[PDB]
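Engineer: Below are the structure tokens for one structure; questions will follow.
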There are 2 protein chains.
Amino acid sequence: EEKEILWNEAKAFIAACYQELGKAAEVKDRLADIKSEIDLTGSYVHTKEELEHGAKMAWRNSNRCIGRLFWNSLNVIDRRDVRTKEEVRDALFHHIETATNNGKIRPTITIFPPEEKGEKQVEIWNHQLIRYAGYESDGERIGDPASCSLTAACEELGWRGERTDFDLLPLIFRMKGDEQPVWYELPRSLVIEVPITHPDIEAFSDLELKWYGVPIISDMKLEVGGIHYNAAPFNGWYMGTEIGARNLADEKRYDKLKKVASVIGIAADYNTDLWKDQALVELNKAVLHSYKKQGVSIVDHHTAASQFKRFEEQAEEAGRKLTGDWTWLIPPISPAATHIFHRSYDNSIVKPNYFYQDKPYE
Amino acid sequence: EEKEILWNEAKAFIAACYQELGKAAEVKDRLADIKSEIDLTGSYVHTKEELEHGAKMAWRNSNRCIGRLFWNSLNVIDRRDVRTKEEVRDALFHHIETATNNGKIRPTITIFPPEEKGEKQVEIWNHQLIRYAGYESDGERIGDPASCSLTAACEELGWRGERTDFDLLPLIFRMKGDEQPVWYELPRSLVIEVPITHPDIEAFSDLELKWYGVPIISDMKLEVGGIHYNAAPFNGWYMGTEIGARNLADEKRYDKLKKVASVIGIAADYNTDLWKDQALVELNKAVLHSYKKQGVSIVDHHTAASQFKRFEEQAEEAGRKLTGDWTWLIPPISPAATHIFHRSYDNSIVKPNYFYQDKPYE
Ligand code: HEM
Ligand code: HEM
Ligand SMILES: N=C(Nc1cccc(CCc2cccc(NC(=N)c3cccs3)c2)c1)c1cccs1
Ligand SMILES: N=C(Nc1cccc(CCc2cccc(NC(=N)c3cccs3)c2)c1)c1cccs1
Ligand SMILES: C[C@H](O)[C@H](O)[C@H]1CNc2nc(N)[nH]c(=O)c2N1
Ligand SMILES: C[C@H](O)[C@H](O)[C@H]1CNc2nc(N)[nH]c(=O)c2N1
Ligand SMILES: [Cl-]
Ligand SMILES: [Cl-]
């Protein structure tokens, strides 16, 4: 059934991809080639054009993504040639640098060799390439709780963090044929960070908050025409609410709302004062102001929803069915102030797409 | 199939209802009685106890309701005896008065005679018993746009509104055997209203906002054991966000955010200033403060979500499956600050329940 699955997905992908690229005539022969290559090799190899367009289609089909208007501008880096952990490490380093682009973030994806027979060539352990460590001893929480398990595995392997609230985790990945992963400290010169200040409340700096510039998701599988790229880290820029309404706000993350309330001079005693709501607003204002001030790309949730509406309009104009996950598309603050909240979306899964895969640790 | 549908629902309802009431022994005989009554009459009549508990179960099963912790305290008024439009009008008047209770709102439902053979005895046209009119001539919007069609039908029938932004619509309903509905102006002494002021921004009163005290949904069908009560208006108290984040905020409702922004002294020019979010917070603070100050029951969304968590815990303890509609349960502001946002809910429909029915006008 496996060869048959591959061949079926390959058939559907190549037709659609070539159709979009005005290459419909070449479909018959390319599929012949693929059909034989599968017969022989047990798989097939995408052309540079198929791989690039496949990665773009996968972003366009990601139901949970509000940022999909810019799907066609994705910068696709082909690293199917890597064989060594040095080459992987350097490809990751390069990704960070070229995506960051001095703060003018470029949506980029780096594609590593695909799974062979469900056998990984490269297995990335990081959730994001740049992320903060999290610790818990004796009921003292330090850093990012979401990083607790990964941080414990890293320290198992000889890494030690300084136990600030913002320790950068090392890149950590395993190669086919190694029983253990390697880890490399991130060069500080590579990682842009943004201190969080408020446009008019000077005391906000007393919180000593910061966040990293570029979110680079490194644990999802890209699937294109039956080929499974388990290692294909990708990045855009942040929507401000991801940092201000979730990473820094959630009780199980940095849990900063009470501290925000105090520095902005409001009581955090009564539900009916809406102190959490007010704190959320000022913190989210701070995040947007801080990124724009430092010259690091970011989008607020209103602008992002406006862009997404254009995505919807563009999909209809191109004759493509639109798919989306309403529960992920609405922003975590003022969602009813966006058009997204007031309509419905078909949550069907269309391929190519990005998918979750099991963590190698835990 | 219809008698069979009735008998099947009646079988399921009576068993469950009597079980909850510790009356399991009486199930066999009561169902015998019902079985024969259906055979004869084409239907059956609930006992006072069945009707009351049925109305309570229906609230408990309403997936979209965050206020369900208090389901068992529902005040059920049995008005299956009404035959005249005078009796209907007075029952509606009475509902408003006893639910309002000088501001200490009592969750109440008034139950009118059920449909016979899908034939309505009483057909209520109002969406809520207390609601504001909406007008549109020559591109001037006046009042509540959501009331536009109903307002047009009322004026068709001889009613005329003063065309303030807050005209109270008349009660309007039709009786079986009348071709037209009647309408009765609401006695002002019956309707509590709350002027919207802000705890520390005095200028907020310049907006001259107000809202009514008690939301009384009068267009849904209550279904209990196969009997269809198309006319059964019910009320709780407001969650503050329904007024501050939707009724007064939505572009297609009162659309007040820009005006709020101005009176609280912030620019409404840049998305990245989060002026809409800030306006939402201050307006919602105003709504809660104004109701509590006047002594009219209201709940903020945080307290409401805390109560709902208790509802979930109580359901599990009673061995009842919990059902809910995630997209309706999350509040329209700071939803990620409630536990609701971070879990999932089974959206199955269980009966008894409240259901939508087609409007008689439009
Ligand atoms: C260009 C700027 C972009 C913005 C502002 C943006 C915004 C977002 C946001 C806010 C989410 C929700 C994440 C969460 O709540 O944790 C999301 C999800 C997602 N985005 Fe984007 N995105 C962008 C670019 C991209 C790119 C370049 C890709 C891939 C090529 C992508 C693929 C996805 C996927 C797969 C998800 C869902 C992940 C999951 O299910 O866990 N996005 N996006
Ligand atoms: C006691 C105070 C109550 C509060 C605070 C409350 C809160 C809410 C809220 C906020 C909604 C969402 C409405 C919207 O977004 O427009 C809702 C929906 C609902 N509530 Fe409640 N509720 C209460 C009592 C009741 C009662 C007494 C009943 C019936 C006996 C009821 C049945 C429902 C139903 C059926 C819906 C959904 C209606 C629809 O689908 O359109 N609730 N409730
Ligand atoms: N702005 C962003 N935000 C963003 C975009 C996509 C995903 C995410 C993180 C979403 C998320 C949140 C919580 C858990 C997970 N992962 C899982 N639930 C997993 C299950 C199994 C392995 S991981 C993913 C954040 C971007 C990053 C990269 C491109 S855009
Ligand atoms: N706090 C409340 N809020 C509340 C509770 C239930 C319902 C509502 C209104 C929900 C709503 C909003 C928009 C449209 C509709 N109705 C429809 N979509 C219809 C379809 C067909 C006929 S009406 C209902 C508001 C309460 C009122 C009564 C008891 S609690
Ligand atoms: C289409 C979309 O589901 C719709 O706008 C819903 C969203 N969730 C909601 N939630 C509540 N409480 N009330 C509403 O009117 C709506 N509208
Ligand atoms: C259970 C629930 O669906 C879950 O918490 C979702 C809700 N919607 C979300 N939406 C976004 N954008 N990001 C998230 O992490 C979540 N979490
Ligand atoms: Cl993140
Ligand atoms: Cl309302």
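Residue numbers start at 1 in each chain; chains themselves are named A, B, ... in the order of the structure tokens; ligands are numbered from 1 in the order shown.
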Can you build me a table of chain B residues sitting at most 8 Å from ligand 2, with the closest atom pair per residue and its distance in Å to one decimal, using only C-alpha atoms and all ligand atoms, sorted by chain and residue number, as CSV?

Structural biologist:
residue,atom,partner,partner_atom_place_in_ligand_line,distance
B:55,CA,ligand 2,30 (C),6.6
B:56,CA,ligand 2,30 (C),6.6
B:58,CA,ligand 2,30 (C),7.0
B:59,CA,ligand 2,30 (C),4.6
B:62,CA,ligand 2,35 (C),5.2
B:63,CA,ligand 2,37 (C),7.3
B:64,CA,ligand 2,37 (C),4.9
B:65,CA,ligand 2,43 (N),3.9
B:66,CA,ligand 2,7 (C),5.1
B:67,CA,ligand 2,6 (C),4.0
B:68,CA,ligand 2,24 (C),6.5
B:70,CA,ligand 2,1 (C),6.5
B:71,CA,ligand 2,27 (C),7.0
B:74,CA,ligand 2,27 (C),6.2
B:106,CA,ligand 2,1 (C),7.7
B:107,CA,ligand 2,27 (C),4.8
B:108,CA,ligand 2,27 (C),6.2
B:109,CA,ligand 2,30 (C),6.3
B:220,CA,ligand 2,35 (C),7.7
B:234,CA,ligand 2,30 (C),5.4
B:235,CA,ligand 2,27 (C),4.9
B:236,CA,ligand 2,2 (C),3.8
B:237,CA,ligand 2,2 (C),4.4
B:238,CA,ligand 2,5 (C),5.0
B:239,CA,ligand 2,5 (C),4.6
B:241,CA,ligand 2,10 (C),7.6
B:242,CA,ligand 2,10 (C),6.1
B:298,CA,ligand 2,5 (C),7.2
B:299,CA,ligand 2,5 (C),6.1
B:304,CA,ligand 2,5 (C),6.7
B:328,CA,ligand 2,12 (C),6.2
B:329,CA,ligand 2,12 (C),7.0
B:331,CA,ligand 2,10 (C),7.6
B:353,CA,ligand 2,35 (C),7.5
B:354,CA,ligand 2,35 (C),5.2
B:355,CA,ligand 2,35 (C),7.2
B:356,CA,ligand 2,40 (O),7.2

Engineer: Would you write out those residues with N, CA and C atoms, as a compact mmCIF listing (two decimals), in the first residue's frame?

Structural biologist:
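This is the output file out.txt:
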# COMPACT_ATOMS: atom_id res chain seq x y z
N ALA B 55 -37.54 22.21 31.38
CA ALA B 55 -37.01 23.53 31.06
C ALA B 55 -35.62 23.69 31.66
N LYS B 56 -35.42 23.10 32.83
CA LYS B 56 -34.12 23.17 33.47
C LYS B 56 -33.11 22.34 32.70
N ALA B 58 -33.12 21.62 29.58
CA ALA B 58 -32.88 22.26 28.30
C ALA B 58 -31.80 23.34 28.43
N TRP B 59 -31.86 24.10 29.51
CA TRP B 59 -30.82 25.09 29.79
C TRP B 59 -29.48 24.38 30.04
N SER B 62 -27.69 23.44 26.83
CA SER B 62 -27.45 24.48 25.82
C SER B 62 -25.95 24.70 25.67
N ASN B 63 -25.38 24.07 24.64
CA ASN B 63 -23.93 24.07 24.41
C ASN B 63 -23.29 25.46 24.40
N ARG B 64 -24.03 26.45 23.91
CA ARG B 64 -23.46 27.79 23.75
C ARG B 64 -23.53 28.66 25.00
N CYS B 65 -24.10 28.14 26.08
CA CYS B 65 -24.32 28.96 27.28
C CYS B 65 -23.24 28.82 28.36
N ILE B 66 -22.55 29.93 28.65
CA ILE B 66 -21.50 29.95 29.67
C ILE B 66 -22.10 30.04 31.09
N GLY B 67 -23.40 30.37 31.17
CA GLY B 67 -24.01 30.65 32.46
C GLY B 67 -24.71 29.45 33.10
N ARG B 68 -24.40 28.27 32.59
CA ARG B 68 -25.18 27.08 32.94
C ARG B 68 -25.01 26.55 34.37
N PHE B 70 -26.06 27.68 37.00
CA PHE B 70 -27.26 27.92 37.80
C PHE B 70 -28.53 27.31 37.22
N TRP B 71 -28.37 26.31 36.36
CA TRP B 71 -29.51 25.70 35.65
C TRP B 71 -30.67 25.27 36.56
N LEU B 74 -33.54 27.85 37.81
CA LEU B 74 -34.49 28.43 36.85
C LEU B 74 -35.93 28.50 37.42
N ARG B 106 -33.93 37.55 38.28
CA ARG B 106 -34.21 36.12 38.51
C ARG B 106 -34.28 35.41 37.18
N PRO B 107 -33.41 34.41 36.95
CA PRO B 107 -33.54 33.61 35.73
C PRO B 107 -34.93 32.97 35.68
N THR B 108 -35.72 33.34 34.68
CA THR B 108 -37.12 32.93 34.60
C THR B 108 -37.46 32.47 33.19
N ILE B 109 -38.40 31.53 33.09
CA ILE B 109 -38.98 31.19 31.80
C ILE B 109 -40.51 31.12 31.89
N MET B 220 -37.02 31.55 20.59
CA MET B 220 -36.51 30.19 20.49
C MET B 220 -37.57 29.17 20.87
N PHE B 234 -37.35 33.29 27.80
CA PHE B 234 -36.53 33.02 28.98
C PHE B 234 -35.50 34.14 29.16
N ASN B 235 -34.98 34.29 30.38
CA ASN B 235 -34.02 35.34 30.69
C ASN B 235 -33.05 34.92 31.77
N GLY B 236 -31.84 35.46 31.69
CA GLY B 236 -30.88 35.40 32.77
C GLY B 236 -30.52 36.85 33.03
N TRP B 237 -29.27 37.07 33.41
CA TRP B 237 -28.70 38.41 33.43
C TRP B 237 -27.61 38.44 32.37
N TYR B 238 -27.16 39.64 32.02
CA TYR B 238 -26.14 39.81 31.00
C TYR B 238 -24.75 39.43 31.51
N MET B 239 -23.92 38.89 30.62
CA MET B 239 -22.47 38.92 30.85
C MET B 239 -22.03 40.25 30.23
N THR B 241 -19.61 41.58 28.54
CA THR B 241 -19.12 41.60 27.16
C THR B 241 -20.20 41.54 26.09
N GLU B 242 -21.38 41.02 26.42
CA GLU B 242 -22.42 40.95 25.40
C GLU B 242 -22.83 42.37 25.02
N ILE B 298 -25.34 41.67 36.86
CA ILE B 298 -24.53 41.48 35.67
C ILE B 298 -23.33 40.62 36.10
N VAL B 299 -22.70 39.93 35.16
CA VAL B 299 -21.49 39.17 35.48
C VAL B 299 -20.37 39.52 34.49
N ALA B 304 -17.78 34.68 35.16
CA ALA B 304 -18.61 33.75 34.39
C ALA B 304 -17.86 32.49 33.97
N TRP B 328 -18.72 29.64 20.93
CA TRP B 328 -19.66 30.54 21.61
C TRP B 328 -19.29 30.75 23.08
N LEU B 329 -18.66 29.75 23.69
CA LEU B 329 -18.30 29.83 25.11
C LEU B 329 -17.15 30.80 25.39
N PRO B 331 -15.22 34.13 25.55
CA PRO B 331 -15.72 35.51 25.48
C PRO B 331 -15.07 36.30 24.35
N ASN B 353 -33.81 20.81 24.89
CA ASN B 353 -32.90 21.88 24.49
C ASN B 353 -33.69 23.03 23.90
N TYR B 354 -33.03 24.17 23.72
CA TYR B 354 -33.60 25.32 23.00
C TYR B 354 -33.07 25.35 21.57
N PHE B 355 -33.95 25.63 20.61
CA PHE B 355 -33.55 25.60 19.20
C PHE B 355 -34.04 26.85 18.47
N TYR B 356 -33.35 27.18 17.38
CA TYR B 356 -33.78 28.27 16.53
C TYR B 356 -35.03 27.83 15.78

Engineer: Using only C-alpha atoms and all ligand atoms, what are the residues with an atom within 6 Å of ligand 6, set out as number ranges by chain?

Structural biologist: A: 327-329; B: 341-344

Engineer: Sorted by chain and rising residue number, list the residues of chain B at most 10 Å from chain A (counting only C-alpha atoms), each with its closest atom pair and distance in Å to one decimal, as CSV.

Structural biologist:
residue,atom,partner,partner_atom,distance
B:199,CA,A:273,CA,9.6
B:240,CA,A:272,CA,9.2
B:245,CA,A:336,CA,7.6
B:246,CA,A:336,CA,7.6
B:249,CA,A:337,CA,8.2
B:250,CA,A:337,CA,7.2
B:251,CA,A:337,CA,8.6
B:257,CA,A:337,CA,9.9
B:270,CA,A:303,CA,9.7
B:271,CA,A:302,CA,6.2
B:272,CA,A:300,CA,5.8
B:273,CA,A:285,CA,6.3
B:274,CA,A:285,CA,6.5
B:275,CA,A:281,CA,9.1
B:276,CA,A:337,CA,7.6
B:277,CA,A:334,CA,5.9
B:278,CA,A:281,CA,6.2
B:279,CA,A:281,CA,9.9
B:280,CA,A:334,CA,7.7
B:281,CA,A:278,CA,6.2
B:282,CA,A:278,CA,8.2
B:284,CA,A:274,CA,8.1
B:285,CA,A:273,CA,6.3
B:286,CA,A:273,CA,9.4
B:287,CA,A:272,CA,9.9
B:288,CA,A:272,CA,6.6
B:289,CA,A:272,CA,7.7
B:292,CA,A:272,CA,9.5
B:298,CA,A:272,CA,10.0
B:299,CA,A:272,CA,8.1
B:300,CA,A:272,CA,5.8
B:301,CA,A:271,CA,8.3
B:302,CA,A:271,CA,6.2
B:303,CA,A:271,CA,6.6
B:304,CA,A:271,CA,9.9
B:326,CA,A:327,CA,8.4
B:327,CA,A:327,CA,7.2
B:331,CA,A:335,CA,9.1
B:332,CA,A:336,CA,5.5
B:333,CA,A:334,CA,5.0
B:334,CA,A:333,CA,5.0
B:335,CA,A:332,CA,6.1
B:336,CA,A:332,CA,5.5
B:337,CA,A:250,CA,7.2
B:338,CA,A:250,CA,9.8
B:341,CA,A:332,CA,8.9

Engineer: Within 9 Å of ligand 7 (counting only C-alpha atoms and all ligand atoms), which residues show up? I'd like them as a PyMOL selection string.

Structural biologist: chain A and resi 128+131+214-217+238+242-243+246-247

Engineer: Let me see the file: selected residues, N, CA and C atoms, as a CSV table (one decimal), in the first residue's frame.

Structural biologist:
chain,number,residue,atom,x,y,z
A,128,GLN,N,11.4,25.4,18.3
A,128,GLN,CA,11.9,26.5,17.5
A,128,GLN,C,13.4,26.6,17.6
A,131,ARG,N,14.8,29.5,21.0
A,131,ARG,CA,13.8,29.4,22.1
A,131,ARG,C,14.5,29.5,23.5
A,214,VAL,N,12.9,36.3,15.8
A,214,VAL,CA,12.4,35.5,14.8
A,214,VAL,C,12.0,34.1,15.2
A,215,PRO,N,10.7,33.8,15.1
A,215,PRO,CA,10.1,32.5,15.4
A,215,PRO,C,10.4,31.5,14.3
A,216,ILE,N,11.1,30.4,14.5
A,216,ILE,CA,11.5,29.5,13.5
A,216,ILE,C,11.1,28.1,13.8
A,217,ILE,N,9.9,27.6,13.3
A,217,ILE,CA,9.3,26.4,13.7
A,217,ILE,C,10.1,25.2,13.1
A,238,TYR,N,6.5,37.5,13.7
A,238,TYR,CA,5.5,37.3,14.8
A,238,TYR,C,4.3,38.2,14.5
A,242,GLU,N,1.0,36.9,19.7
A,242,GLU,CA,1.6,35.6,20.1
A,242,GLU,C,2.6,35.8,21.2
A,243,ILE,N,3.2,37.0,21.3
A,243,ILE,CA,4.1,37.3,22.4
A,243,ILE,C,3.4,37.9,23.6
A,246,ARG,N,0.0,35.6,24.8
A,246,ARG,CA,0.2,34.2,25.0
A,246,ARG,C,1.6,33.9,25.7
A,247,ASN,N,2.7,34.0,25.0
A,247,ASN,CA,4.0,33.7,25.5
A,247,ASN,C,4.3,34.4,26.9

Engineer: Counting only C-alpha atoms, which residue out of A:181, A:42, A:118, A:22 sits closest to residue 159 (chain A)?

Structural biologist: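 Of A:181, A:42, A:118, A:22, the one nearest residue 159 (chain A), counting only C-alpha atoms, is A:181.
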
Engineer: So which residues touch residue 182 (chain A) within 7 Å, counting only C-alpha atoms, skipping near sequence neighbours fewer than 5 positions away, as a tab-separated table (two decimals) with N, CA, C and O atoms, in the first residue's frame?

Structural biologist:
chain	number	residue	atom	x	y	z
A	172	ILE	N	19.65	21.38	18.80
A	172	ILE	CA	19.88	19.98	19.12
A	172	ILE	C	19.18	19.09	18.10
A	172	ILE	O	17.97	19.20	17.87
A	173	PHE	N	19.97	18.23	17.46
A	173	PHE	CA	19.45	17.33	16.45
A	173	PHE	C	20.22	16.03	16.42
A	173	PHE	O	21.38	15.97	16.84
A	174	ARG	N	19.58	14.98	15.91
A	174	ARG	CA	20.25	13.69	15.75
A	174	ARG	C	20.35	13.33	14.27
A	174	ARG	O	19.45	13.65	13.49

Engineer: Which is closest to residue 142 (chain A) among A:255, A:219, A:312, A:269, if we use only C-alpha atoms?

Structural biologist: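 Using only C-alpha atoms, residue 142 (chain A) sits closest to A:255.
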
Engineer: Near region 207-212 of chain B, within 9 Å and counting only C-alpha atoms, which residues show up once chain neighbours fewer than 6 positions away are dropped, as a ChimeraX atom specification?

Structural biologist: /B:130-132,166,191-197,243,248,256,259-260,263,287

Engineer: Keeping only C-alpha atoms, write the selected residues as an mmCIF file, in the first residue's frame.

Structural biologist:
data_model
loop_
_atom_site.group_PDB
_atom_site.id
_atom_site.type_symbol
_atom_site.label_atom_id
_atom_site.label_comp_id
_atom_site.auth_asym_id
_atom_site.auth_seq_id
_atom_site.Cartn_x
_atom_site.Cartn_y
_atom_site.Cartn_z
ATOM 1 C CA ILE B 130 -37.124 44.269 25.560
ATOM 2 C CA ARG B 131 -35.167 45.532 22.574
ATOM 3 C CA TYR B 132 -34.378 48.777 20.753
ATOM 4 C CA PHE B 166 -33.069 53.717 21.944
ATOM 5 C CA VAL B 191 -38.271 48.368 31.820
ATOM 6 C CA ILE B 192 -35.103 48.991 33.796
ATOM 7 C CA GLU B 193 -32.393 50.824 31.822
ATOM 8 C CA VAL B 194 -28.798 51.613 32.788
ATOM 9 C CA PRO B 195 -26.968 54.788 31.706
ATOM 10 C CA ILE B 196 -23.345 54.000 30.833
ATOM 11 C CA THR B 197 -20.730 55.924 32.806
ATOM 12 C CA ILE B 243 -23.133 44.658 25.773
ATOM 13 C CA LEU B 248 -22.241 48.586 21.503
ATOM 14 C CA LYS B 256 -19.196 53.003 19.233
ATOM 15 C CA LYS B 259 -16.360 57.566 19.824
ATOM 16 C CA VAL B 260 -15.129 55.708 22.905
ATOM 17 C CA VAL B 263 -13.734 60.442 24.937
ATOM 18 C CA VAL B 287 -20.713 48.653 31.413
#

Engineer: Report, in Å with one decimal, the straight-line distance from CA of residue 91 (chain B) to CA of residue 77 (chain B).

Structural biologist: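 We find that CA of residue 91 (chain B) and CA of residue 77 (chain B) lie 9.3 Å from each other.
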
Engineer: Excluding residue 189 (chain B) and its own-chain neighbours fewer than 4 positions away, which residues fall within 12 Å of it when counting only C-alpha atoms? Please give them as a VMD selection string.

Structural biologist: chain B and resid 93 96 to 97 100 102 185 193

Engineer: As an mmCIF file with N, CA and C atoms, in the first residue's frame, please: the residues near residue 13 (chain B) (cut-off 6 Å, only C-alpha atoms, same-chain neighbours under 4 positions excluded).

Structural biologist:
data_model
loop_
_atom_site.group_PDB
_atom_site.id
_atom_site.type_symbol
_atom_site.label_atom_id
_atom_site.label_comp_id
_atom_site.auth_asym_id
_atom_site.auth_seq_id
_atom_site.Cartn_x
_atom_site.Cartn_y
_atom_site.Cartn_z
ATOM 1 N N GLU B 9 -39.106 10.237 21.751
ATOM 2 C CA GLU B 9 -38.569 11.340 22.552
ATOM 3 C C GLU B 9 -39.187 11.331 23.949
ATOM 4 N N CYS B 17 -35.711 12.109 33.099
ATOM 5 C CA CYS B 17 -36.253 13.111 34.015
ATOM 6 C C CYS B 17 -36.654 12.498 35.360
ATOM 7 N N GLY B 225 -39.186 16.293 25.522
ATOM 8 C CA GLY B 225 -39.827 15.006 25.310
ATOM 9 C C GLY B 225 -40.787 14.979 24.140
#

Engineer: Check region 104-277 of chain B with DSSP on the backbone and list each residue it calls alpha helix (DSSP H), as a list in words.

Structural biologist: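 Matching residues, listed in order: residues 148, 149, 150, 151, 152, 153, 154, 155, 156, 240, 241, 257, 258, 259, 260, 261, 262, 263, 275, 276 and 277 of chain B.
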
Engineer: Could you name the residues that touch residue 53 (chain A) at 9 Å or less, counting only C-alpha atoms, but leaving out those on the same chain fewer than 4 positions away, as a ChimeraX atom specification?

Structural biologist: /A:17,21,48-49,57-58,72,76

Engineer: Write the residues of the preceding selection, restricted to C-alpha atoms, as a tab-separated table (two decimals), in the first residue's frame.

Structural biologist:
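Resulting contents of out.tsv:
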chain	number	residue	atom	x	y	z
A	17	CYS	CA	1.63	21.98	-9.17
A	21	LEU	CA	2.98	26.83	-13.03
A	48	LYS	CA	13.92	22.34	-7.48
A	49	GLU	CA	10.77	23.91	-8.92
A	57	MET	CA	1.47	25.32	-1.43
A	58	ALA	CA	1.90	23.77	1.98
A	72	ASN	CA	4.08	33.04	-2.79
A	76	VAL	CA	12.87	28.17	-0.17

Engineer: Considering only C-alpha atoms, can you say which of B:141, B:104, B:188, B:252 comes closest to residue 297 (chain B)?

Structural biologist: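 Ranking B:141, B:104, B:188, B:252 by distance to residue 297 (chain B), first place goes to B:104.
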
Engineer: So, with only C-alpha atoms as the atoms that count, which of B:114, B:69, B:213, B:78 lies closest to residue 43 (chain B)?

Structural biologist: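 Among B:114, B:69, B:213, B:78, it is B:114 that comes nearest to residue 43 (chain B).
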